[PDB]
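Engineer: I'd like to ask you about the structure that follows.
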Amino acid sequence: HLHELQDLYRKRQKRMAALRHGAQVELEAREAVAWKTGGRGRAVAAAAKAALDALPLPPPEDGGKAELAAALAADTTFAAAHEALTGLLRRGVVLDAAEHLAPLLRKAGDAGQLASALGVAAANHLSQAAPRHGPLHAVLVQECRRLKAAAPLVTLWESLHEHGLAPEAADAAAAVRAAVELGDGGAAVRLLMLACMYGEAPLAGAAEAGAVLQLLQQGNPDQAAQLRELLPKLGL
Amino acid sequence: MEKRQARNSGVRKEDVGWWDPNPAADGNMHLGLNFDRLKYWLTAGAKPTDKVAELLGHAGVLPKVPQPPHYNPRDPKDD
Amino acid sequence: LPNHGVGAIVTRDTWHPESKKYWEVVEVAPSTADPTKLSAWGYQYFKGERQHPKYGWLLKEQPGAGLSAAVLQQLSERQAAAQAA
Amino acid sequence: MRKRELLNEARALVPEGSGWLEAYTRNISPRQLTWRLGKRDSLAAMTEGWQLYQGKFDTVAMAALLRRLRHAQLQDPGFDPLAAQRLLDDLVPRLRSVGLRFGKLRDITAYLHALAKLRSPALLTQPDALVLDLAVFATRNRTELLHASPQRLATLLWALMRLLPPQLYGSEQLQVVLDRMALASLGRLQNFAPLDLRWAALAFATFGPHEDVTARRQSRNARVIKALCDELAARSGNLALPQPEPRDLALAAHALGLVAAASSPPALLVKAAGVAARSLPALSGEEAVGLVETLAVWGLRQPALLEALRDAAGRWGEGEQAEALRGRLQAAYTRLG
Amino acid sequence: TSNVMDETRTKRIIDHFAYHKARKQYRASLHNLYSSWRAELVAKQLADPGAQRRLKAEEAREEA
RNA sequence: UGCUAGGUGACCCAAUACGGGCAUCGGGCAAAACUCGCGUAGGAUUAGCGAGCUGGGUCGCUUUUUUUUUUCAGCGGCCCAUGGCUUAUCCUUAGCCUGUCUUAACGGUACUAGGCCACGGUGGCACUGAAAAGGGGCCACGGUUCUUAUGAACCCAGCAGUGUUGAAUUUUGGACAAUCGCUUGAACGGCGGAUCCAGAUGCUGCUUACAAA
């Protein structure tokens, strides 16, 4: 019932250990009957698939924290660290958001790298519920002012909107603020919509929405007219 | 006539019945079954197929079966 | 990708919306050895009352502080304002 | 080539007069063991098979072994009950090591039928703790009890009716078994054979009336007897289904009289009066005499039945058990006038 | 059988269920009628056979 | 064992309200498979059976499961009793019976439809299935094609159709509508060279000058 939840990871730890040594002793047996009957051709079916069943690399007894230290090493580039981290997400390890993911997203350099780190983070909270949104949001606002990307922030709010994960109103305030110094008010008004959509109060918009309307007065007054119409449609 | 045999084979079943689907001058269908072994075979779990079930229901020795669940335009010119 | 979601309420899009048909998913007793065949243990509710103690699963509200129903209605009006732009 | 080493391993367990040793395999299936025990007639041969193959017997082998013990009891002339009893004692720890860890309800029911078959007339005994623990272990899971056959469940009931001493009918494990079996069988009442209903009625009558939970158990077995006895009453006379034997309706009537005598006018007694009074010489006397006791405890008078049983009462001879039948039937006759 | 609408698919589900419905009450009447037929069949060959008449014919042949 | 109806569901699908699939149980009747009693072409220019040629014991002969009672065989291994048959074996012809024709009948012999068996180019063998293979699986043979020759592909005694031989042998037709089968819970659904309809072609039963209502 609920013990089948603990015993699925327990018995499945046993079952994956079982499949590893059983698949390994048959993989070491088909190679002995490989050259005698030409057995390589169907043997490589096993030698790929039976290793590459549900997880090929094991969940580490350490937790692989030394491999994390090899992965969060500041000399290692973003692609190799990214593929190591996704390979350890496939190994089912619950990770710390600040120790591992935040140096990864500081190692992120362009917008698609930030979005890839967000996919990593969403899978991390997926494994975590199998959640810690605050300091990830703060360091990603740091990467927003560092590297001038706004749509990954909206992508984070959408990714936590899909399953119902709520960050802080201070996180919303810093998000709308970083949209103000960055300068894409369409992302800011979608941020204001998504921050409304959790049932949260609309962020005390006399300051933040005033900063947005200041940005959109200096930029383009037509969407500012649309904003002044939309501002009482939130109730602000 | 079980599932194995064809329509015209030698069958352990005694009768599909005196039968004449051709209309005959008035009261147009045929005389029906001969009897007393029809009830034994249908009692013994021998299945009917669809139209013998319709004919047996239509003769009123069995209740009838509703056929149509829905209507879409049937083509009468297939022949 | 998994099922887990213990105790959710959703509907199917093909279900008639006033016929009031929705699940209390009990648990998940899955096969992780085999990835296509899954089972979702369910206390189904139909016309409000419980029946048992694919594509098209449709996301309704989740009451419990979360995203409540009338709160979803107000925010659905604010989504309509969001495409009103 | 290793047949002589296999033969030496066979020689190390059983003396040299056995035909099993030429037949011996280490890699035997239990299917072949059930047939090979089914091929023997003598208790020496089952002893040979037991000391050869104690390691490979699951519960089906024990059940076939007990049937072969009954077979030798009625066909092997040189029978020793003491050797049978010590061997039956040797059967216990194999059960406790294996069959109480891997027993499905089919296998355990088969063994308990075989043991009651051994204790049947035409005295060997096992510990009753094993019988009750086999009963609770075969019914520990609801799902296989839901898919069980009526023959299986009434066979289990006849086993528990034959094996147990009367002091242990009040034991809680038998009541747990009856709880599970009522909760299974009351949904599939209409899947029942009338013979299986006969044994269900007799066993719930035997075990039923034996603080709130126990009176609730008696009330629940009261609803089991009233629904199941009305199921037999409906099944008698309805000629569309197989007609129940008048022996079985008579003996279930005696079960109704037993539970009425222990707990203290259905159609079942009326239809039992009909099926007896049409077919008395197919009936044995003592079941009908017990039905006369049921007529006594209900106070009803079945007229042509009682004159027919008067005719049957004259037609016995004089002798100890037969005169006891005449005496108790005369006593219940005076109870009914 | 149907998907993602609410107009006139209710009619399709109605005729769907009513067709399988009336087939099931046909099936129940089918039960009761065959069971009645078995009742007169075993009524007839439980009514006369097994009587003493076959023994009368046999004892007439044997007295001959 | 296989079908159909029932009754059950801590299952799955459908449901403005309820039925299907899916698992299991049991009632009905049922197939299947084996056994034996008899029948059966001629040949002495086939007279002994080159063989376990028959029987008894012992095992192996791949499941318990409702009350007094219940579960084949040389089929293989071993001993053993030394017998078993003598139109026995061996040869060659040949699917068998009802049929059809004739005879007055008894009989004697080419078909109709249909009963059963056998076989699928030849031979050996296995999986699964309760039971085994005519367009299922593996190998060897014999054909037919192609290779840069190393090897692969195929097997109409299914339909039409081609070729030899023959005195002689048919349309490379239409269609699932009717059955009947297989299948599918919508849908008069899908498919079937079974069949049903048309052709060519012996036999037959039965009409036939047009005009006009």
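Residues are referred to by chain and number: the chain letter is A, B, ... according to the order shown in the structure tokens, the number counts from 1 in that chain, and ligands are numbered separately from 1 in the order shown.
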Compute the set of chain F residues within 12 Å of chain B, using only C-alpha atoms (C1' of nucleotides), and express it as a ChimeraX atom specification.
Structural biologist: /F:2-6,27-31,113-116,174-182,185-189,194-197
Engineer: Could you turn the residues from that selection into a file that holds C-alpha atoms (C1' of nucleotides), as a PDB file, in the first residue's frame?
Structural biologist:
ATOM      1  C1'   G F   2     -13.673 -27.457 -26.883  1.00  0.00           C
ATOM      2  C1'   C F   3     -18.128 -24.597 -27.176  1.00  0.00           C
ATOM      3  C1'   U F   4     -22.237 -21.915 -25.716  1.00  0.00           C
ATOM      4  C1'   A F   5     -25.676 -19.672 -22.025  1.00  0.00           C
ATOM      5  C1'   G F   6     -25.231 -18.314 -16.030  1.00  0.00           C
ATOM      6  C1'   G F  27     -24.655 -26.191 -14.888  1.00  0.00           C
ATOM      7  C1'   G F  28     -25.740 -28.145 -20.120  1.00  0.00           C
ATOM      8  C1'   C F  29     -24.550 -31.093 -23.977  1.00  0.00           C
ATOM      9  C1'   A F  30     -20.339 -31.999 -27.063  1.00  0.00           C
ATOM     10  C1'   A F  31     -16.064 -33.324 -29.724  1.00  0.00           C
ATOM     11  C1'   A F 113     -23.093 -34.688 -54.457  1.00  0.00           C
ATOM     12  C1'   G F 114     -21.523 -36.478 -49.951  1.00  0.00           C
ATOM     13  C1'   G F 115     -18.947 -40.214 -45.518  1.00  0.00           C
ATOM     14  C1'   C F 116     -13.839 -41.465 -43.808  1.00  0.00           C
ATOM     15  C1'   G F 174     -17.438 -10.045 -61.048  1.00  0.00           C
ATOM     16  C1'   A F 175     -18.680  -9.812 -55.908  1.00  0.00           C
ATOM     17  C1'   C F 176     -18.942 -10.199 -50.339  1.00  0.00           C
ATOM     18  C1'   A F 177     -24.881  -8.716 -51.114  1.00  0.00           C
ATOM     19  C1'   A F 178     -27.425 -14.432 -49.755  1.00  0.00           C
ATOM     20  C1'   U F 179     -25.172 -18.399 -46.808  1.00  0.00           C
ATOM     21  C1'   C F 180     -21.162 -20.318 -44.118  1.00  0.00           C
ATOM     22  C1'   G F 181     -16.486 -19.581 -41.849  1.00  0.00           C
ATOM     23  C1'   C F 182     -12.601 -16.258 -39.495  1.00  0.00           C
ATOM     24  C1'   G F 185     -18.574  -4.672 -28.418  1.00  0.00           C
ATOM     25  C1'   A F 186     -20.077   1.153 -32.957  1.00  0.00           C
ATOM     26  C1'   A F 187     -20.869   1.307 -37.976  1.00  0.00           C
ATOM     27  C1'   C F 188     -26.315  -4.311 -42.640  1.00  0.00           C
ATOM     28  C1'   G F 189     -18.192  -3.373 -40.108  1.00  0.00           C
ATOM     29  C1'   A F 194     -15.166 -21.584 -49.790  1.00  0.00           C
ATOM     30  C1'   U F 195     -19.346 -20.086 -51.932  1.00  0.00           C
ATOM     31  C1'   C F 196     -22.833 -17.211 -54.846  1.00  0.00           C
ATOM     32  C1'   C F 197     -23.373 -15.303 -59.677  1.00  0.00           C
TER      33        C F 197
END
Engineer: Taking 4 positions as the minimum chain separation for residues in the same chain, which residues sit within 12 Å of residue 80 in chain A when counting only C-alpha atoms (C1' of nucleotides)? Answer as a PyMOL selection string.
Structural biologist: chain A and resi 68+70-76+84-87+104+107-108
Engineer: Find the spatial neighbours of residue 7 in chain C, counting only C-alpha atoms (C1' of nucleotides), within a cut-off of 9 Å - ignore same-chain residues fewer than 4 positions away - and output them as number ranges by chain.
Structural biologist: C: 23-27, 42
Engineer: Residues within 8 Å of range 164-176 of chain A, please, as a PyMOL selection string. Count only C-alpha atoms (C1' of nucleotides); anything in the same chain fewer than 3 positions from it doesn't count.
Structural biologist: (chain A and resi 131+133-134+137-138+141+153+160-161+179-180+188+191-192+195+198+200+203+208) or (chain C and resi 66)
Engineer: Those residues you just picked out, can you put them in a file as a PDB file, in the first residue's frame with C-alpha atoms?
Structural biologist:
ATOM      1  CA  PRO A 131      10.755  21.467  -3.335  1.00  0.00           C
ATOM      2  CA  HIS A 133      12.838  26.978  -5.547  1.00  0.00           C
ATOM      3  CA  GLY A 134      14.104  30.033  -3.617  1.00  0.00           C
ATOM      4  CA  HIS A 137      15.604  31.686  -8.368  1.00  0.00           C
ATOM      5  CA  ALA A 138      17.990  34.135  -6.672  1.00  0.00           C
ATOM      6  CA  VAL A 141      18.275  36.358 -11.326  1.00  0.00           C
ATOM      7  CA  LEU A 153      12.777  33.197 -16.212  1.00  0.00           C
ATOM      8  CA  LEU A 160       6.722  25.256 -11.944  1.00  0.00           C
ATOM      9  CA  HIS A 161       3.196  26.233 -13.066  1.00  0.00           C
ATOM     10  CA  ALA A 179      12.829  42.215 -16.120  1.00  0.00           C
ATOM     11  CA  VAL A 180      12.865  45.977 -15.433  1.00  0.00           C
ATOM     12  CA  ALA A 188       7.536  41.319 -17.374  1.00  0.00           C
ATOM     13  CA  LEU A 191       5.694  37.301 -15.327  1.00  0.00           C
ATOM     14  CA  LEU A 192       2.980  39.376 -13.667  1.00  0.00           C
ATOM     15  CA  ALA A 195       2.684  35.397 -10.562  1.00  0.00           C
ATOM     16  CA  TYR A 198      -0.825  30.787  -8.363  1.00  0.00           C
ATOM     17  CA  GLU A 200      -0.948  34.914  -5.006  1.00  0.00           C
ATOM     18  CA  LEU A 203       2.697  41.718  -6.037  1.00  0.00           C
ATOM     19  CA  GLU A 208       6.698  47.084  -9.749  1.00  0.00           C
TER      20      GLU A 208
ATOM     21  CA  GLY C  66      -2.757  25.131  -4.071  1.00  0.00           C
TER      22      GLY C  66
END
Engineer: Set the distance at 10 Å and use only C-alpha atoms (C1' of nucleotides): which residues neighbour residue 127 in chain D once local chain neighbours fewer than 6 positions away are removed? I'd like the list as a ChimeraX atom specification.
Structural biologist: /D:89,92,163-164
Engineer: Could you take the residues named above and write them with C-alpha atoms, as a short mmCIF file (atom, residue, chain, number, x, y, z; two decimals), in the first residue's frame?
Structural biologist:
data_model
loop_
_atom_site.label_atom_id
_atom_site.label_comp_id
_atom_site.auth_asym_id
_atom_site.auth_seq_id
_atom_site.Cartn_x
_atom_site.Cartn_y
_atom_site.Cartn_z
CA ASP D 89 4.54 -38.13 12.34
CA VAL D 92 4.98 -33.08 9.86
CA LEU D 163 -10.34 -34.21 11.58
CA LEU D 164 -11.16 -32.07 14.57
#
Engineer: Give me the residues near residue 19 in chain E as JSON, numbers by chain, where near means some atom within 9 Å (using only C-alpha atoms (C1' of nucleotides)) and where sequence neighbours in that chain fewer than 2 positions away do not count.
Structural biologist: {"B": [66, 67, 68, 69], "E": [14, 15, 16, 17, 21, 22, 23, 24]}
Engineer: For chain F versus chain C, which residues have an atom no more than 9 Å away, and what is each residue's nearest atom pair and distance in Å rounded to one decimal, using only C-alpha atoms (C1' of nucleotides), chain-then-number order, as CSV?
Structural biologist:
residue,atom,partner,partner_atom,distance
F:10,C1',C:53,CA,7.2
F:16,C1',C:19,CA,5.0
F:17,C1',C:47,CA,8.3
Engineer: Can you write out the residues you just picked, keeping N, CA, C and O atoms (P, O5', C5', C4', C3', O3' and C1' of nucleotides), as a PDB file, in the first residue's frame?
Structural biologist:
ATOM      1  P     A F  10     -13.008  -8.357  -5.661  1.00  0.00           P
ATOM      2  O5'   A F  10     -13.457  -6.870  -5.323  1.00  0.00           O
ATOM      3  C5'   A F  10     -12.821  -6.169  -4.251  1.00  0.00           C
ATOM      4  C4'   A F  10     -12.182  -4.912  -4.774  1.00  0.00           C
ATOM      5  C3'   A F  10     -11.266  -5.112  -5.982  1.00  0.00           C
ATOM      6  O3'   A F  10     -11.364  -3.996  -6.848  1.00  0.00           O
ATOM      7  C1'   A F  10     -10.043  -4.157  -4.207  1.00  0.00           C
ATOM      8  P     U F  16     -22.667  10.161 -20.435  1.00  0.00           P
ATOM      9  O5'   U F  16     -24.001  10.875 -20.920  1.00  0.00           O
ATOM     10  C5'   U F  16     -25.280  10.308 -20.610  1.00  0.00           C
ATOM     11  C4'   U F  16     -25.629  10.562 -19.166  1.00  0.00           C
ATOM     12  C3'   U F  16     -27.113  10.576 -18.842  1.00  0.00           C
ATOM     13  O3'   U F  16     -27.631   9.263 -18.665  1.00  0.00           O
ATOM     14  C1'   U F  16     -26.101  12.478 -17.887  1.00  0.00           C
ATOM     15  P     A F  17     -29.216   8.993 -18.626  1.00  0.00           P
ATOM     16  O5'   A F  17     -29.426   8.384 -17.174  1.00  0.00           O
ATOM     17  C5'   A F  17     -29.335   6.967 -16.984  1.00  0.00           C
ATOM     18  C4'   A F  17     -27.901   6.549 -16.766  1.00  0.00           C
ATOM     19  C3'   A F  17     -27.687   5.062 -16.495  1.00  0.00           C
ATOM     20  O3'   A F  17     -27.609   4.265 -17.673  1.00  0.00           O
ATOM     21  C1'   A F  17     -26.645   6.299 -14.800  1.00  0.00           C
TER      22        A F  17
END
Engineer: Pick from F:108, F:7, F:202, F:76: nearest to chain D, with only C-alpha atoms (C1' of nucleotides) counted?
Structural biologist: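 Checking each candidate against chain D, we get F:7 as the closest.
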Engineer: Please find the residues of chain D near chain E - the criterion being any atom within 10 Å, counting only C-alpha atoms - and write them as a PyMOL selection string.
Structural biologist: chain D and resi 237-242
